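Remarks on the overall topology
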Amino acid sequence: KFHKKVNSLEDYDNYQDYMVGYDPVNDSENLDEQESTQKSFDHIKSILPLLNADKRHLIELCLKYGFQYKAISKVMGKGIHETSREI
DNA sequence: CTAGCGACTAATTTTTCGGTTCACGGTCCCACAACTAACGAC
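**A look at the overall build of chain A**
In terms of regular secondary structure, chain A is built from five helices and zero strands. Each helix and strand of chain A, placed in order from N terminus to C terminus, yields the pattern α-α-α-α-α. Expected size for 87 residues packed as a compact globule is a radius of gyration near 12 Å; at 24 Å, chain A overshoots this value by more than 25%. Dimensions of chain A, computed from the C-alpha atoms along their principal axes, are close to 70 × 35 × 15 Å. Residues classed as buried in chain A amount to 9% of the 87 residues present. For chain A, the computed accessible surface area is about 8,100 Å², with 53% contributed by carbon and sulfur atoms. In chain A, which carries 12 positive and 15 negative side-chain charges, the distance between the mean positions of the two groups comes to 18 Å.

**Thoughts on a nonpolar patch on the surface**
A surface patch of nonpolar side chains, amounting to about 420 Å² of accessible area, comprises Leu9, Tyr12, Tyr18 and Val20. The residue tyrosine 18 is located in helix α1 (residues 15-18) in this model. Judged by relative accessible area, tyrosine 18 falls into the exposed class, the value being 53%.

Reading the values: the criteria
- Residues numbered from 1 in each chain as written, not as in the entry; some residues may be left out.
- Chains lettered and ligands numbered in written order.
- Part of a larger assembly, values for the part shown.
- Heavy atoms only, no water.
- Helix = DSSP H or I, 4+ residues; strand = E, 2+ residues; numbered from the N terminus.
- Rg over C-alpha atoms; globule rule 2.2 N^0.38 Å.
- Buried < 20%, exposed > 50% of the residue type's maximum accessible area, 1.4 Å probe, protein only.
- Areas by Shrake-Rupley, 256 points an atom, 1.4 Å probe, with all protein chains shown as cover.
- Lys, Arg positive; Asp, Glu negative; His and termini not counted.
- Charge placed at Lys NZ, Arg CZ, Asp CG, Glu CD.
- Patch = residues over 30% accessible without salt bridge, like charges linked within 9 Å, V, L, I, M, F, W, Y side chains within 5 Å.
- Salt bridge = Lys/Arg side-chain N within 4 Å of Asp/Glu carboxyl O.

Have a look at this one:
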């Protein structure tokens, strides 16, 4: 059904002339947004060393395994509730 | 030079769709393959 719901681009005469188009402005804007996000993350990384060591390691682990309160709690010693509160 | 003074996170369950199975009365032009009628040799 899906493959029979798909037409052929040849049904439109000279489809390569007026269809299947893109604007590089969109690509440049997407890359600019990516750069903005990267700059924000670099700002956060630079702020990280100013925090307490335990809270810095909590975030560092949460950024390389990922908000895994259970596995972090067993790793740390604090419970699920305490570890979530500290995060 | 010194002293007195003004509720969030993890674990378990349950359900719709896809997979599988059964299987009787137009034109003009340029090449290419047949092809055949005539021509020459044994």
